[PDB]
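Novice:
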Amino acid sequence: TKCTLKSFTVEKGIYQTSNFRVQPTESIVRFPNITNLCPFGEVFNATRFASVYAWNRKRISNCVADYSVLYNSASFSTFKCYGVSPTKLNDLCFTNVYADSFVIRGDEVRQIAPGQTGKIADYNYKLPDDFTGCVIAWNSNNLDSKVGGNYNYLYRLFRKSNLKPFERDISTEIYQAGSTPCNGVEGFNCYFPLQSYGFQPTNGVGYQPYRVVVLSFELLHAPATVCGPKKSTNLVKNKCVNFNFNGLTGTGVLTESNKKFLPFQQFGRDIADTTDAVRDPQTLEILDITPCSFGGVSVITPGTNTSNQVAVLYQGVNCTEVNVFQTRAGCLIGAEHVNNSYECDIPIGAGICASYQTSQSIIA
Amino acid sequence: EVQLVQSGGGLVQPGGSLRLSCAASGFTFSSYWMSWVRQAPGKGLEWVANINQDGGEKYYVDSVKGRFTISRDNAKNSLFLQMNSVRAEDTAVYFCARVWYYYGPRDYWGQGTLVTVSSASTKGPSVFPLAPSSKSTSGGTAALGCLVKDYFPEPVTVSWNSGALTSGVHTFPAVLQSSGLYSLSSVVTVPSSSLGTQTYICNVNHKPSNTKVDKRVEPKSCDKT
Amino acid sequence: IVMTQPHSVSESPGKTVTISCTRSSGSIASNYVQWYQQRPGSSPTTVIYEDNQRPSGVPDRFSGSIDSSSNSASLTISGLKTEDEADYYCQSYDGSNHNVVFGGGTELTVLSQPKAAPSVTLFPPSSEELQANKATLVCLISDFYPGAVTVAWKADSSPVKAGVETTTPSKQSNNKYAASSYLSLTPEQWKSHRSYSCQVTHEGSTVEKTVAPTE
Ligand SMILES: *[C@@H]1O[C@H](CO)[C@@H](O)[C@H](O)[C@H]1NC(C)=O
Ligand SMILES: *[C@@H]1O[C@H](CO)[C@@H](O)[C@H](O)[C@H]1NC(C)=O
Ligand SMILES: *[C@@H]1O[C@H](CO)[C@@H](O)[C@H](O)[C@H]1NC(C)=O
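Those protein sequences? They're chains C, H and I, same order as listed.
Per PDB author numbering, the first sequence runs over residues 299 to 620, 641 to 676, 689 to 694.
Residue numbering for the second sequence follows PDB author numbering, beginning at 1 and increasing consecutively.
Residue numbering for the third sequence follows PDB author numbering, beginning at 2 and increasing consecutively.
#1: Do residue 103 of chain H and residue 33 of chain I have their C-beta atoms within less than 8 Å of each other?
#2: Please state the DSSP three-state secondary structure of residue 388 of chain C.
#3: According to a CB-to-CB cut-off of less than 7 Å, which residues of the stretch 168-179 of chain I neighbour chain H?
#4: Please state whether the Cβ-Cβ distance between residue 20 of chain I and residue 67 of chain I is less than 8 Å.
#5: Kindly confirm or deny that the stretch 7-14 of chain I and the stretch 95-115 of chain I touch, where touching means at least three C-beta pairs closer than 8 Å.
#6: Taking the alpha-carbon of residue 242 of chain H as reference, which of H:126, H:18, H:224, H:218 has the nearest alpha-carbon?
#7: Which residues bound the beta strand (DSSP E) around residue 95 of chain I?
#8: Which chain H residues are close to residue 213 of chain I, counting only those with a beta carbon under 7 Å from its beta carbon?
#9: My understanding is that residue 299 of chain C touches residue 599 of chain C, with C-beta atoms under 8 Å, so please give their C-beta distance in whole angstroms.
#10: Go through its chain and collect everything with a Cβ distance to residue 171 of chain I's Cβ below 8 Å, but skip five positions before and after it.
#11: Determine, for residue 101 of chain H, whether the minimum Cβ-Cβ distance to residues of chain C falls below 8 Å.
#12: Look at the Cβ atom of residue 186 of chain I, then the Cβ atom of residue 136 of chain I, and state whether they are nearer than 8 Å.
#13: Which same chain residues, not among the five before or five after residue 201 of chain H, have their C-beta less than 6 Å away from its C-beta?
#14: With 8 Å set as the bound, which would you pick, yes or no: does the beta-carbon of residue 92 of chain I sit closer than that to a beta-carbon of chain C?
#15: Strictly closer than 7 Å from CB to any heavy atom of ligand 3: give me those residues in the order they appear in the chain.
#16: Can you name the residues that DSSP bridges to residue 586 of chain C?
#17: In whole angstroms, what separates the C-alpha of residue 417 of chain C from that of residue 379 of chain C?
#18: Select from the stretch 84-109 of chain H all residues with a C-beta closer than 8 Å to any C-beta belonging to chain I, and list them in chain order.
#19: Assign residue 427 of chain C to one of two classes, buried (16 or more other C-beta atoms within 10 Å of its C-beta) or exposed (fewer than that).
#20: Which residues, taken in chain order from the stretch 436-456 of chain C, show a beta carbon closer than 7 Å to some beta carbon of chain I?
#21: With distances taken between CB atoms, is the gap from residue 549 of chain C to residue 337 of chain C smaller than 8 Å?
#22: Using 8 Å as the Cβ pair cut-off and three pairs as the minimum, do the stretch 427-440 of chain C and the stretch 361-375 of chain C touch?
#23: Within the 8 Å Cβ cut-off, does residue 477 of chain C reach chain H?
#24: Where does the unbroken beta strand (DSSP E) through residue 581 of chain C begin, and where does it stop?
#25: Answer yes or no: do residue 386 of chain C and residue 424 of chain C have a C-beta to C-beta separation smaller than 8 Å?
#26: Can you check DSSP and say which residues form a bridge with residue 22 of chain H?
#27: Roughly how many whole angstroms lie between the Cα atoms of residue 146 of chain H and residue 149 of chain I?
#28: Rounded to the nearest angstrom, what separates residue 122 of chain H and residue 185 of chain H at their Cα positions?
#29: Taking DSSP as the reference, what is the three-state secondary structure of residue 215 of chain H?
#30: Tell me the rounded alpha-carbon separation between residue 499 of chain C and residue 17 of chain H.
#31: I want to verify the contact list: residues of chain I whose CB lies under 9 Å from the CB of residue 381 of chain C, in sequence order.
#32: Answer with buried or exposed for residue 170 of chain H, where buried requires no fewer than 16 other C-beta atoms within 10 angstroms of its C-beta.
#33: Could you spell out where the alpha helix (DSSP H) holding residue 693 of chain C opens and where it closes?
#34: Locate the beta strand (DSSP E) running through residue 2 of chain I, then write down its first and last residues.
#35: Using the three-state DSSP reduction, which class does residue 88 of chain H fall into: helix, strand or coil?
#36: Rounded to a whole number of angstroms, what is the C-alpha to C-alpha distance between residue 24 of chain H and residue 7 of chain H?
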């Protein structure tokens, strides 16, 4: 009070000193049920693949691509990534996901990698240098043990032109050893650009169905369309917190209310265009919003000449969010409530006045 | 924050077995796999078995396939590993560790369970000194000690006169001979000045039995020194 | 399938010495490679996982790479000091039948004790244990830095090695060892050999000492 009034001796009265404010302690983040799961199931266990070179591409759109099902299973065999860190895939949003898939054998899993080129570097699907993604290759020897060794996934071999990153080597050009073109069926040094499958169940361990679904990522300037789910905290009530709901973000308490919103209605506003009601994302309960307690601090002093003990008056605040005596204008901390009525000496508000009487103590 | 504990076994025998319990606490025990890894004395690490979330799949190794039963109760957040028909090569310390993801390492390991198979149960053995006479009174480093043989447990802490004739003791662990025979021996350094001055009396500290018999050593002072 | 790994390795505080882990079948670039550290007398701990990356807490001196030449791996452990002298293991998921294969281990140590020749101290049997037929042979040696104890036994006429067994050394006060030997004896055949020599070639001399069986 002396610091604000710029003096050393003050007289009787109620002086304004400062303005206190309660700060939010914790933070609550609420997101609704995780719906619209990305259909990543059909990418692994489905109908047969077209061919090795004729691989099919499946783009990704706005969805919820959860990764807790890929690196948490045992049906796969290889999960070696190339700088992806699957432990943090739930907190990373991408825009371009390439769900390449084809059929290879057990010995061709090694030849398909950015660090090991060769047979699959210029004759079939090639991989770039960066290749932000993980290779998913599992042993498909569960029911792909048909008789006769059906060779329908014929991979094109001995091709001249090198294959491009994320492309297909579709070229019906016969193998020419360096002579005149035959333009026929295995003529003068001619070989049709096709190789024979047929990895029968009684052929070998290395020659087995090993359908691999190659997966990669790519970032662009477009907004994040594909990303994993988000987290959610526990609901708290009757406390000045900082809520972080789906669309709203602010501070204030979150108590119960008797208001009833329409099915489509989510938010809630007052006459002065201020947020005062919110709806729970997870459950169905209208949560009321009320700003936390603020206001100025006033002191009731009997004058530094007589004595030096003073009181404080937190104006407008309840006495639970701060001897103590709840008045109609705050909580007068530092005074006793006497029943005898006297003349008003120091005005406080709503009739209640203070004075320095008898052992000497501030009365209200 | 994650501090796992496990117990439930101090000694086993062929035929009769027990069930190891790994108490899961600290972290969230509802989104992680579990697997057991044992460690043999003087060897590396061996993968025992794996387990799914609650009851999905119980992957075993071809070594213990048919004589080990693993279980996991996701409700009470506990991991139970019951044994049956314990073999001879199963003498190893088992560790409990959670799996971050099926293709990753183990985040937090347990504390270890001393599960050993040993016959020749608790008995009272005798101690025999060394009596350095022939080529240890003046040749090389003069020293002497004791020898505890054929003792079942391992609580022995060989001292000298209960802290009255100590001059530097370097005691090394014993070794199993065939199935239950352990030969423990201690050694203390002597400055080669009190060989015929004060007779040494080695004392044993066997907790189960009472091996308080201080066997008198016989220094052959008339042969060499 | 087995994971090969060198048994022991020792050097002085200075440059780095990597630890190799060569596979036997399959590809090394098909799954991740982890390296655990097991302190003597406690539980193991993870140092490096996904060798191309490294976790927090562990200093960045511990590095590792992937060698797809012959399906092997390397753990370039830099900054060799006293707080890193422990054991390390190799691990990589390779078994298609849901089997986690581990390595063999290592004995990476440091060099702080000078070179010294171990003394040859043979202890003959006594009379108290020699009641009817009972005795032992103690050829405990001390004052030696390397733990690779290499001793021999010969009853003055033949290198008797039946039931050969050595004693495991323990860490002494100033980083020493007390590796001894315990060879099997003959209870009812003490008169077959009237002398017993203990030879040792543990990087030093080869002097042998003889004793008397019963006197
Ligand atoms: C296919 O694989 C998925 C793995 O994402 C698994 O959840 C599902 O049960 C499998 N079967 C079918 C019929 O989708
Ligand atoms: C889905 O929404 C309902 C509606 O309140 C809720 O009870 C349930 O807990 C939600 N599911 C999850 C997984 O949060
Ligand atoms: C202040 O808080 C108390 C305690 O909950 C409550 O009973 C009272 O209604 C609140 N308001 C006032 C003006 O006292």
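C-beta: ideal position from N, C-alpha, C; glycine also.
Specialist: With the given structure in hand:
#1: yes
#2: helix
#3: 168, 169, 170, 171, 173, 179
#4: no
#5: yes
#6: Nothing about residue 242 of chain H can be read from this structure; chain H reaches only from 1 to 225.
#7: 88-96
#8: 134
#9: 7 Å
#10: 178, 179
#11: yes
#12: yes
#13: 214
#14: no
#15: C:616, C:617, C:618, C:644
#16: C:553, C:575
#17: 21 Å
#18: 95, 103, 104, 105, 106, 107, 109
#19: exposed
#20: 437
#21: no
#22: yes
#23: no
#24: Here residue 581 of chain C belongs to no beta strand (DSSP E), and DSSP marks it neither H nor E.
#25: no
#26: H:6, H:79
#27: 25 Å
#28: 19 Å
#29: coil
#30: 43 Å
#31: 53, 54
#32: buried
#33: First-last for residue 693 of chain C: 691-693, but that is the beta strand (DSSP E), not the alpha helix (DSSP H).
#34: No beta strand (DSSP E) contains residue 2 of chain I, which DSSP labels as neither H nor E.
#35: coil
#36: 12 Å
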